[PDB]
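Asks: Next up, data18.pdb (PDB, C-alpha atoms).
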```
ATOM      1  CA  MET A   1      -1.186   4.091  -8.753
ATOM      2  CA  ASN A   2       2.057   6.137  -8.508
ATOM      3  CA  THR A   3       2.188   9.344 -10.557
ATOM      4  CA  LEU A   4       3.604  12.711  -9.725
ATOM      5  CA  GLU A   5       2.929  15.721 -11.982
ATOM      6  CA  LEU A   6       5.126  18.697 -11.321
ATOM      7  CA  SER A   7       6.118  22.064 -12.791
ATOM      8  CA  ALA A   8       9.674  23.051 -12.040
ATOM      9  CA  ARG A   9      12.832  24.876 -13.009
ATOM     10  CA  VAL A  10      16.035  22.951 -13.858
ATOM     11  CA  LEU A  11      18.494  23.607 -11.050
ATOM     12  CA  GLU A  12      21.116  21.104 -12.212
ATOM     13  CA  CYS A  13      21.468  18.938 -15.272
ATOM     14  CA  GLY A  14      23.919  16.105 -15.173
ATOM     15  CA  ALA A  15      26.308  14.829 -17.811
ATOM     16  CA  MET A  16      24.751  12.249 -20.251
ATOM     17  CA  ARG A  17      25.622   8.660 -19.243
ATOM     18  CA  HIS A  18      24.663   5.252 -20.584
ATOM     19  CA  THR A  19      23.685   1.981 -19.006
ATOM     20  CA  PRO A  20      25.629  -1.173 -20.022
ATOM     21  CA  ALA A  21      22.953  -1.878 -22.702
ATOM     22  CA  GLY A  22      23.766   1.559 -24.121
ATOM     23  CA  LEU A  23      20.575   3.294 -22.857
ATOM     24  CA  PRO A  24      20.973   7.102 -22.277
ATOM     25  CA  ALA A  25      20.555   8.046 -18.640
ATOM     26  CA  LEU A  26      20.521  11.555 -17.202
ATOM     27  CA  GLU A  27      20.060  12.847 -13.676
ATOM     28  CA  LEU A  28      18.527  16.328 -13.058
ATOM     29  CA  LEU A  29      17.794  18.492 -10.014
ATOM     30  CA  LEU A  30      14.385  20.177 -10.200
ATOM     31  CA  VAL A  31      13.141  23.058  -7.996
ATOM     32  CA  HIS A  32       9.387  23.638  -7.727
ATOM     33  CA  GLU A  33       7.753  26.755  -6.256
ATOM     34  CA  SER A  34       4.075  27.546  -5.740
ATOM     35  CA  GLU A  35       1.332  28.518  -3.356
ATOM     36  CA  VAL A  36      -1.214  25.948  -2.228
ATOM     37  CA  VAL A  37      -4.218  25.995   0.103
ATOM     38  CA  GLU A  38      -4.131  23.430   2.992
ATOM     39  CA  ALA A  39      -7.154  22.801   5.273
ATOM     40  CA  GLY A  40      -8.399  26.198   4.059
ATOM     41  CA  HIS A  41      -5.139  28.198   4.514
ATOM     42  CA  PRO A  42      -2.484  29.603   2.084
ATOM     43  CA  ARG A  43       0.967  27.954   2.076
ATOM     44  CA  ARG A  44       4.220  28.493   0.215
ATOM     45  CA  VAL A  45       5.707  25.282  -1.174
ATOM     46  CA  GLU A  46       9.319  25.110  -2.412
ATOM     47  CA  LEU A  47      10.433  21.541  -3.321
ATOM     48  CA  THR A  48      13.826  20.452  -4.717
ATOM     49  CA  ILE A  49      13.784  16.927  -6.074
ATOM     50  CA  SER A  50      16.185  14.740  -7.973
ATOM     51  CA  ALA A  51      14.842  13.293 -11.200
ATOM     52  CA  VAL A  52      16.096  10.570 -13.485
ATOM     53  CA  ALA A  53      15.416  10.281 -17.216
ATOM     54  CA  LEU A  54      16.273   7.092 -19.109
ATOM     55  CA  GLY A  55      16.038   6.606 -22.871
ATOM     56  CA  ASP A  56      14.278   9.191 -25.040
ATOM     57  CA  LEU A  57      13.627  11.749 -22.243
ATOM     58  CA  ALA A  58      17.322  11.629 -21.352
ATOM     59  CA  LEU A  59      18.164  12.578 -24.981
ATOM     60  CA  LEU A  60      15.462  15.250 -24.921
ATOM     61  CA  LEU A  61      16.597  16.739 -21.595
ATOM     62  CA  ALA A  62      20.373  16.395 -22.112
ATOM     63  CA  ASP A  63      22.157  19.741 -21.635
ATOM     64  CA  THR A  64      18.979  21.661 -20.653
ATOM     65  CA  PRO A  65      19.985  25.239 -19.797
ATOM     66  CA  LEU A  66      19.878  25.802 -16.007
ATOM     67  CA  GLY A  67      16.849  27.828 -14.967
ATOM     68  CA  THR A  68      14.718  26.343 -17.789
ATOM     69  CA  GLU A  69      11.065  25.845 -16.873
ATOM     70  CA  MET A  70       9.703  22.292 -17.293
ATOM     71  CA  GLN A  71       6.494  20.296 -16.845
ATOM     72  CA  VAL A  72       7.119  16.686 -15.960
ATOM     73  CA  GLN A  73       5.305  13.597 -14.790
ATOM     74  CA  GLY A  74       6.537  10.229 -13.670
ATOM     75  CA  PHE A  75       6.629   7.873 -10.714
ATOM     76  CA  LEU A  76       8.350   8.109  -7.342
ATOM     77  CA  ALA A  77      10.880   5.482  -6.229
ATOM     78  CA  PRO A  78      13.234   5.179  -3.271
ATOM     79  CA  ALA A  79      16.573   6.784  -3.987
ATOM     80  CA  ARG A  80      18.368   3.686  -2.769
ATOM     81  CA  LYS A  81      17.148   0.284  -1.615
ATOM     82  CA  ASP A  82      15.085   0.734   1.541
ATOM     83  CA  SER A  83      15.709   4.471   1.401
ATOM     84  CA  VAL A  84      13.280   6.991   2.814
ATOM     85  CA  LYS A  85      14.710   9.511   0.249
ATOM     86  CA  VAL A  86      12.755   9.702  -2.992
ATOM     87  CA  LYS A  87      13.551  10.344  -6.638
ATOM     88  CA  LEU A  88      11.229  11.130  -9.509
ATOM     89  CA  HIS A  89      11.541   8.668 -12.482
ATOM     90  CA  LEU A  90      10.518  10.671 -15.546
ATOM     91  CA  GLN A  91       7.942   9.299 -17.965
ATOM     92  CA  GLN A  92       6.958  12.629 -19.608
ATOM     93  CA  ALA A  93       8.632  15.996 -19.825
ATOM     94  CA  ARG A  94       8.277  19.101 -21.898
ATOM     95  CA  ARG A  95      10.502  22.181 -21.933
ATOM     96  CA  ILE A  96       8.432  25.360 -21.602
ATOM     97  CA  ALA A  97       9.748  28.449 -23.426
ATOM     98  CA  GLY A  98       9.068  31.804 -21.791
TER      99      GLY A  98
ATOM    100  CA  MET B   1       1.511  22.146 -10.496
ATOM    101  CA  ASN B   2       2.423  19.703  -7.687
ATOM    102  CA  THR B   3       0.174  16.634  -7.456
ATOM    103  CA  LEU B   4       0.931  13.053  -6.484
ATOM    104  CA  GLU B   5      -1.644  10.232  -6.852
ATOM    105  CA  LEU B   6      -0.758   7.070  -4.997
ATOM    106  CA  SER B   7      -2.184   3.707  -3.949
ATOM    107  CA  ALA B   8      -0.591   2.404  -0.742
ATOM    108  CA  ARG B   9      -0.986   0.361   2.426
ATOM    109  CA  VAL B  10      -0.999   2.097   5.836
ATOM    110  CA  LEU B  11       2.212   1.010   7.556
ATOM    111  CA  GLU B  12       1.887   3.454  10.475
ATOM    112  CA  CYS B  13      -0.930   5.662  11.689
ATOM    113  CA  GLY B  14      -0.042   8.204  14.377
ATOM    114  CA  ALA B  15      -2.241   9.572  17.151
ATOM    115  CA  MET B  16      -4.336  12.506  16.044
ATOM    116  CA  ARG B  17      -3.209  15.858  17.438
ATOM    117  CA  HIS B  18      -4.158  19.542  16.931
ATOM    118  CA  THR B  19      -2.094  22.437  15.501
ATOM    119  CA  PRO B  20      -1.908  25.736  17.478
ATOM    120  CA  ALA B  21      -5.040  26.770  15.574
ATOM    121  CA  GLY B  22      -7.083  23.819  16.923
ATOM    122  CA  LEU B  23      -7.006  22.099  13.539
ATOM    123  CA  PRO B  24      -7.011  18.236  13.679
ATOM    124  CA  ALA B  25      -3.638  16.866  12.400
ATOM    125  CA  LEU B  26      -2.490  13.299  11.677
ATOM    126  CA  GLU B  27       0.826  11.746  10.473
ATOM    127  CA  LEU B  28       0.806   8.364   8.639
ATOM    128  CA  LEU B  29       3.473   6.178   6.949
ATOM    129  CA  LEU B  30       2.424   4.721   3.569
ATOM    130  CA  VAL B  31       4.046   1.952   1.542
ATOM    131  CA  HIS B  32       3.474   1.393  -2.176
ATOM    132  CA  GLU B  33       4.554  -1.815  -3.899
ATOM    133  CA  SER B  34       6.013  -1.989  -7.408
ATOM    134  CA  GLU B  35       7.926  -4.582  -9.460
ATOM    135  CA  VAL B  36      11.492  -4.203 -10.780
ATOM    136  CA  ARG B  37      13.567  -6.762  -7.123
ATOM    137  CA  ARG B  38      10.888  -5.841  -4.595
ATOM    138  CA  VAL B  39      10.598  -2.065  -5.004
ATOM    139  CA  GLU B  40       9.091  -0.701  -1.795
ATOM    140  CA  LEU B  41       8.260   3.042  -1.897
ATOM    141  CA  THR B  42       7.667   4.464   1.577
ATOM    142  CA  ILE B  43       6.189   7.916   1.970
ATOM    143  CA  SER B  44       5.327   9.917   5.028
ATOM    144  CA  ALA B  45       1.949  11.606   4.645
ATOM    145  CA  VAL B  46       0.259  14.409   6.606
ATOM    146  CA  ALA B  47      -3.541  14.876   6.887
ATOM    147  CA  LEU B  48      -5.265  18.058   8.124
ATOM    148  CA  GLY B  49      -8.818  18.953   9.203
ATOM    149  CA  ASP B  50     -11.511  16.620   7.899
ATOM    150  CA  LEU B  51      -9.036  14.188   6.276
ATOM    151  CA  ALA B  52      -7.283  13.638   9.609
ATOM    152  CA  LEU B  53     -10.660  12.579  11.166
ATOM    153  CA  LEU B  54     -11.238  10.173   8.281
ATOM    154  CA  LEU B  55      -7.845   8.534   8.539
ATOM    155  CA  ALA B  56      -7.523   8.640  12.281
ATOM    156  CA  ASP B  57      -7.172   5.145  13.816
ATOM    157  CA  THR B  58      -6.921   3.493  10.408
ATOM    158  CA  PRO B  59      -5.925  -0.175  10.950
ATOM    159  CA  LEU B  60      -2.386  -0.921   9.711
ATOM    160  CA  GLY B  61      -2.362  -2.862   6.470
ATOM    161  CA  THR B  62      -5.408  -0.980   5.137
ATOM    162  CA  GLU B  63      -5.347  -0.202   1.376
ATOM    163  CA  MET B  64      -5.754   3.491   0.476
ATOM    164  CA  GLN B  65      -5.980   5.768  -2.572
ATOM    165  CA  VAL B  66      -4.517   9.175  -1.805
ATOM    166  CA  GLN B  67      -3.778  12.434  -3.561
ATOM    167  CA  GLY B  68      -2.026  15.661  -2.568
ATOM    168  CA  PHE B  69       1.087  17.813  -2.923
ATOM    169  CA  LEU B  70       4.724  17.088  -1.930
ATOM    170  CA  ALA B  71       6.756  19.429   0.264
ATOM    171  CA  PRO B  72      10.022  19.133   2.206
ATOM    172  CA  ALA B  73       9.710  17.658   5.694
ATOM    173  CA  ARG B  74      11.302  20.912   6.919
ATOM    174  CA  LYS B  75      13.690  23.758   6.040
ATOM    175  CA  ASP B  76      16.367  22.366   3.710
ATOM    176  CA  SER B  77      15.437  18.769   4.597
ATOM    177  CA  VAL B  78      16.337  16.039   2.108
ATOM    178  CA  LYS B  79      13.117  14.269   3.168
ATOM    179  CA  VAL B  80       9.614  14.841   1.700
ATOM    180  CA  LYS B  81       6.070  14.612   3.011
ATOM    181  CA  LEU B  82       2.862  14.060   1.081
ATOM    182  CA  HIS B  83       0.300  16.714   2.210
ATOM    183  CA  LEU B  84      -2.990  14.897   1.653
ATOM    184  CA  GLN B  85      -5.831  16.668  -0.148
ATOM    185  CA  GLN B  86      -7.872  13.547  -0.870
ATOM    186  CA  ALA B  87      -7.919  10.030   0.517
ATOM    187  CA  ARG B  88     -10.272   7.113   0.319
ATOM    188  CA  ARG B  89     -10.311   3.537   1.641
ATOM    189  CA  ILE B  90     -10.554   0.126  -0.129
TER     190      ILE B  90
END
```
Spell out the structure here as structure tokens.
Replies:
Amino acid sequence: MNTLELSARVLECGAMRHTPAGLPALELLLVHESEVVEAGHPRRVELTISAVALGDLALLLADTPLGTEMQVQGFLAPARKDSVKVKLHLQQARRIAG
Amino acid sequence: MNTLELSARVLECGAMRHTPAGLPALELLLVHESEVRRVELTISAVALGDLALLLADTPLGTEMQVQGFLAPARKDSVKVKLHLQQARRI
């Protein structure tokens, strides 16, 4: 089990790249903001996380306007081998239109 | 919406403490295993109140199913922490 669901705004949207096998790959920077209750107390949560799309989601998310609201889900992986930093690997994403 | 569901093994289980409000608090280190190399996801988790009592003194190596929200370890930190809202053994 490894699945993160998150609502966020696109803070940065990289240039479209491709793997050697020609697969589209895109890196984005997402910023999440919300209030949550912890142990029975209110708490502001502001999370910035790097996310990677590969394949069809990369094509879908390519050139997303900055500030765009999104709803994504995917799995967490270390940024780099043995890294304590984490990156979200997108499996689902949808661009919300205000 | 900010919810992470994760199966993991307890790599580190800290000593239980208490916040300035007398609330029980515990810090653990969890490791999740995935395939393609040997992908090893490590995640620092924090348990409060009742969950801290449940997880306190958990033997290392123990398999857990956890759920909660992610937040930065601190102001502008590049590191994250999983704030546990649910957790269960085996």
Asks: Please report as a ChimeraX atom specification which residues of chain B come no farther than 6 Å from chain A, using all atoms listed in the file.
Replies: /B:1-7,41,48-49,71,79
Asks: Give me, as a ChimeraX atom specification, all polymer residues having an atom no more than 8 Å from residue 43 (chain B), counting all atoms listed in the file and skipping those fewer than 2 positions away in the same chain.
Replies: /A:84 /B:29-31,41,45,80-82
Asks: Can I get the selected residues back with C-alpha atoms, as a CSV table (one decimal), in the coordinates of the input?
Replies:
```csv
chain,number,residue,atom,x,y,z
A,84,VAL,CA,13.3,7.0,2.8
B,29,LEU,CA,3.5,6.2,6.9
B,30,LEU,CA,2.4,4.7,3.6
B,31,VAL,CA,4.0,2.0,1.5
B,41,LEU,CA,8.3,3.0,-1.9
B,45,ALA,CA,1.9,11.6,4.6
B,80,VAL,CA,9.6,14.8,1.7
B,81,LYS,CA,6.1,14.6,3.0
B,82,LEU,CA,2.9,14.1,1.1
```
Asks: Please evaluate the PyMOL selection byres ((chain A and resi 70) around 10) against the structure above and give the resulting residues as an MDAnalysis selection string.
Replies: chainID A and resid 6:10 30:32 61 64 67:69 71:72 93:97
Asks: If the PyMOL selection byres ((chain A and resi 16) around 6) is run on the structure shown, which residues does it catch, given as a VMD selection string?
Replies: chain A and resid 15 17 26
Asks: Run the PyMOL selection byres ((chain A and resi 27) around 12) mentally over the shown coordinates, then write out the matched residues as a PyMOL selection string, using the chain letters and numbers from the document.
Replies: chain A and resi 10-18+24-26+28-30+49-55+57-59+61-64+79+87-90
Asks: Got time to write the residues from that selection, C-alpha atoms, as an mmCIF file, keeping the file's coordinate frame?
Replies:
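So the final result, stored in out_14.cif, reads:
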```cif
data_model
loop_
_atom_site.group_PDB
_atom_site.id
_atom_site.type_symbol
_atom_site.label_atom_id
_atom_site.label_comp_id
_atom_site.auth_asym_id
_atom_site.auth_seq_id
_atom_site.Cartn_x
_atom_site.Cartn_y
_atom_site.Cartn_z
ATOM 1 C CA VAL A 10 16.035 22.951 -13.858
ATOM 2 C CA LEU A 11 18.494 23.607 -11.050
ATOM 3 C CA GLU A 12 21.116 21.104 -12.212
ATOM 4 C CA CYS A 13 21.468 18.938 -15.272
ATOM 5 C CA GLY A 14 23.919 16.105 -15.173
ATOM 6 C CA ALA A 15 26.308 14.829 -17.811
ATOM 7 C CA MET A 16 24.751 12.249 -20.251
ATOM 8 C CA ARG A 17 25.622 8.660 -19.243
ATOM 9 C CA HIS A 18 24.663 5.252 -20.584
ATOM 10 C CA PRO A 24 20.973 7.102 -22.277
ATOM 11 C CA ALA A 25 20.555 8.046 -18.640
ATOM 12 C CA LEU A 26 20.521 11.555 -17.202
ATOM 13 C CA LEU A 28 18.527 16.328 -13.058
ATOM 14 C CA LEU A 29 17.794 18.492 -10.014
ATOM 15 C CA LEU A 30 14.385 20.177 -10.200
ATOM 16 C CA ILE A 49 13.784 16.927 -6.074
ATOM 17 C CA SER A 50 16.185 14.740 -7.973
ATOM 18 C CA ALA A 51 14.842 13.293 -11.200
ATOM 19 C CA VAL A 52 16.096 10.570 -13.485
ATOM 20 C CA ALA A 53 15.416 10.281 -17.216
ATOM 21 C CA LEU A 54 16.273 7.092 -19.109
ATOM 22 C CA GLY A 55 16.038 6.606 -22.871
ATOM 23 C CA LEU A 57 13.627 11.749 -22.243
ATOM 24 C CA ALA A 58 17.322 11.629 -21.352
ATOM 25 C CA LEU A 59 18.164 12.578 -24.981
ATOM 26 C CA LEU A 61 16.597 16.739 -21.595
ATOM 27 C CA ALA A 62 20.373 16.395 -22.112
ATOM 28 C CA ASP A 63 22.157 19.741 -21.635
ATOM 29 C CA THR A 64 18.979 21.661 -20.653
ATOM 30 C CA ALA A 79 16.573 6.784 -3.987
ATOM 31 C CA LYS A 87 13.551 10.344 -6.638
ATOM 32 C CA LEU A 88 11.229 11.130 -9.509
ATOM 33 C CA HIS A 89 11.541 8.668 -12.482
ATOM 34 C CA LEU A 90 10.518 10.671 -15.546
#
```
